[PDB]
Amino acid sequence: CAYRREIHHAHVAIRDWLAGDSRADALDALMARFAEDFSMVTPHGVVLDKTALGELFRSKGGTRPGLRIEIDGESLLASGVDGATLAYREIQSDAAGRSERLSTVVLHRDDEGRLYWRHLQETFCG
């Protein structure tokens, strides 16, 4: 579905950016997926707004060569005319190692079907 697709495509863009295999003007296009009022809770229990996430991604561009990101365990928790809330699992692996986290995302949709990230919370596993 469109929601599952957005979760996957966003992470492919994130992976390419972190690995240094991104398209031209990649970061702006990536940050455009996030709503103005986006907020997230990282696995460290730290809160980041859109501006803060953008600064973080800027500093991390190309820092994880060969990075691979796997998304699975997607579950539609709620959905309506304004969007949906879903849960999923994210696995990251590179030379430095592998990490697993569980996430909850709130996606906002406009009438043209376009999706924007409104909220994201992640929790480390293992």
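Just count from 1 along the sequence shown to find any residue number.
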Of 90-98 and 46-54, the one with larger mean CA B-factor: 90-98
Of 105-113 and 10-18, the stretch whose C-alpha atoms average the higher B-factor in the entry: 105-113
Chain-wide C-alpha B factor ranking for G83, given as lowest, middle or highest third: lowest
Cα B factor band for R4 (lowest, middle or highest third within the chain): highest
Where the record places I71 (Cα B-factor, split into thirds across the chain): middle
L27 CA temperature factor, ranked by third within the chain: middle
